[PDB]
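Colleague: Curious how this folds, go ahead:
(2 chains, ligands or ions: 2)
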Amino acid sequence: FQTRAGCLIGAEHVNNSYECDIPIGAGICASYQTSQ
Amino acid sequence: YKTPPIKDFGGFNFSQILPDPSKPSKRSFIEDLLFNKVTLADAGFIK
Ligand SMILES: *[C@@H]1O[C@H](CO)[C@@H](O[C@@H]2O[C@H](CO)[C@@H](O[C@@H]3O[C@H](CO)[C@@H](O)[C@H](O[C@H]4O[C@H](CO)[C@@H](O)[C@H](O)[C@@H]4O)[C@@H]3O)[C@H](O)[C@H]2NC(C)=O)[C@H](O)[C@H]1NC(C)=O
Ligand SMILES: *[C@@H]1O[C@H](CO)[C@@H](O)[C@H](O)[C@H]1NC(C)=O
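Modeller: Numbering: from 1, shown residues only, chains lettered A, B, ... in the order given. Ligands and ions are numbered 1, 2, ... in the order given. What follows is the structure:
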């Protein structure tokens, strides 16, 4: 999944927006959620 | 918070500082002026 910071691999992009958990850059944040 | 659609602020005009929906970026008039008046470098968006 391409992002402004760079290529993100192993994570799934979701439409839904939540609070930032692990910042990445350019407003993208990663988090562990539901399986999981 | 978001300002209500009606702008009955007792005669005060905040149009030049509130967001302008017309532009793609929601920056206001003065924010756009500042951004244009500052010359940046190396945006870093995969150059
Ligand atoms: C609160 O905010 C502002 C404070 O003055 C003001 O509303 C607008 O102010 C600007 C002044 O820069 C006015 O713009 C001018 O209006 C004249 C007469 O209509 C026109 O010649 C121009 O407007 C046109 O400009 C462009 C074309 O040249 C286009 O963007 C478009 O076709 C415009 O019609 C000139 O720029 C503007 O008229 C007012 N508009 C309104 C609704 O007031 C006013 O004090 C308060 N305005 C609001 C919405 O609360
Ligand atoms: C996220 O938004 C795009 C644009 O509508 C949409 O096509 C996509 O399906 C959405 N993501 C998911 C998992 O549905």
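Colleague: Provide a list of residues in contact with the residue of chain B found nearest ligand 1.
Modeller: For chain B, the residue positioned closest to ligand 1 under Cβ to the nearest ligand atom is residue B:15, at a distance of 3.3 Å. No exception for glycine: its C-beta is placed from N, CA and C like everyone else's. Neighbouring residues of residue B:15 by Cβ atoms under 8 Å, 6 or more residues apart in numbering or on different chains: B:7, B:29.
Colleague: For my notes, confirm it occurs in a strand.
Modeller: No. With DSSP: H, G, I helix; E, B strand; the rest coil as the criterion, residue B:15 is located in coil rather than a strand.
Colleague: count of neighbours near the closest residue to ligand 1 within chain A?
Modeller: Closest residue of chain A to ligand 1, Cβ to the nearest ligand atom: residue A:27 (30.3 Å). Other residues within reach of residue A:27 by the criterion other Cβ atoms under 10 Å in any protein chain shown amount to 11.
Colleague: Tell me how far it lies from residue B:46.
Modeller: Residue A:27 is 15 Å from residue B:46, where distance means Cβ to Cβ, to the nearest Å.
Colleague: Could you look up the SS state of residue B:31?
Modeller: In the three-state summary, residue B:31 is assigned as helix, counting by three-state DSSP.
Colleague: What of the one 4 residues further on?
Modeller: The assignment at residue B:35 comes out as helix when based on three-state DSSP.
Colleague: go on, residue A:24?
Modeller: Here residue A:24 takes the strand state, with states given by three-state DSSP.
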